[PDB]
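A short write-up of the structure that comes next.
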Amino acid sequence: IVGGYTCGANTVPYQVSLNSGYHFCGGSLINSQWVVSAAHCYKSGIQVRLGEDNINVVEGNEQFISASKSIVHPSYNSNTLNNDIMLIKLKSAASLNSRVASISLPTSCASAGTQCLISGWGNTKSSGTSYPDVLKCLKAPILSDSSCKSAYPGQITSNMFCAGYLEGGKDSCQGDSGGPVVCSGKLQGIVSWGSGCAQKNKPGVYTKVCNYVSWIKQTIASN
Ligand SMILES: [Ca+2]
């Protein structure tokens, strides 16, 4: 997260870190056994880390649980990042508490202008590289589809939306991929892509979660 703020420990209790020997992506806990992330974060041997603030220090509220299964969306296209969504099932149920809590799925899609909360452990610079140890947060509005499409001509599908600031300076970034965009208490986006980070006229592009609720519900009911 570029141009954000320090969230405060466990104030984003649905945020998870995906670890394969190192933090490499974020995710969102949607019930005690399931995490939503980005398909482009797929790899084998994922450990899910819940209840994290400082990802480099054990502070006492963490739960580390191995994934038993990963399910990439059946229409995910890695070239265009259309349908950039994946479900991860935990080997055992998380203990839900004040520091580890699920986020609701949307019943309806979010509106342009709604201020959302984006979070993660990704790069904090727009030029250069600095990875934080504690969780960072950004409030960012959903942009109109016309402005989104204008920013990325020929690349925006109906399963994507743009959030952020056309003037630049505030954005999600590498290492925040797969993490949450929460609007009005619902998971409405997944950190997906963008041209660099916090660049002028290049806002963040997010997976539009409300298009996937049927697939999520069906998948979870059968796995
Ligand atoms: Ca920790």
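Following the order of the structure tokens, first chain is A, next is B, and so on, with residues numbered from 1 inside each chain and ligands from 1 in the order they appear.
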Distance filter 12 Å around ligand 1, atoms: only C-alpha atoms and all ligand atoms, out as a list in words: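 Listed by chain and ascending number, the contacts are residues 9, 10, 16, 17, 23, 49, 50, 51, 52, 53, 54, 55, 56, 57, 58, 59, 60, 61, 62, 63, 64, 121, 133, 134 and 135 of chain A.
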Residues within 6 Å of residue 198 in chain A, only C-alpha atoms, excluding chain neighbours under 3 positions, as a ChimeraX atom specification: /A:126,168-171
Go ahead and write the residues just picked, C-alpha atoms, as a compact mmCIF listing (two decimals), in the first residue's frame.
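Dumped everything to part_10.txt:
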```txt
# COMPACT_ATOMS: atom_id res chain seq x y z
CA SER A 126 5.66 4.04 -6.07
CA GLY A 168 -1.73 9.36 -8.19
CA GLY A 169 0.09 8.93 -4.88
CA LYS A 170 -2.34 6.47 -3.19
CA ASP A 171 -2.82 2.87 -4.38
```
Counting only C-alpha atoms, which residues in range 186-216 of chain A sit no more than 12 Å from range 72-82 of chain A? For each one, give the nearest pair of atoms and the distance in Å, sorted by chain then residue number, as a Markdown table.
```
| residue | atom | partner | partner_atom | distance |
| --- | --- | --- | --- | --- |
| A:190 | CA | A:81 | CA | 11.8 |
| A:191 | CA | A:81 | CA | 11.3 |
| A:192 | CA | A:81 | CA | 7.6 |
| A:193 | CA | A:81 | CA | 7.9 |
| A:194 | CA | A:81 | CA | 10.7 |
| A:205 | CA | A:81 | CA | 10.0 |
| A:206 | CA | A:81 | CA | 10.0 |
| A:207 | CA | A:82 | CA | 8.1 |
| A:208 | CA | A:82 | CA | 10.0 |
| A:209 | CA | A:73 | CA | 11.9 |
| A:211 | CA | A:82 | CA | 11.8 |
| A:212 | CA | A:73 | CA | 9.2 |
| A:213 | CA | A:73 | CA | 11.9 |
| A:215 | CA | A:73 | CA | 8.5 |
| A:216 | CA | A:73 | CA | 9.4 |
```
Long-range neighbours of residue 92 in chain A as an MDAnalysis selection string, 10 Å cut-off, only C-alpha atoms, 5 positions minimum in chain: chainID A and resid 32:34 65:68
Members of range 7-220 of chain A assigned strand (DSSP E) by DSSP, as a PyMOL selection string: chain A and resi 15-19+23-31+34-37+47-50+63-72+86-90+115-120+136-141+160-163+180-183+186-193+204-208
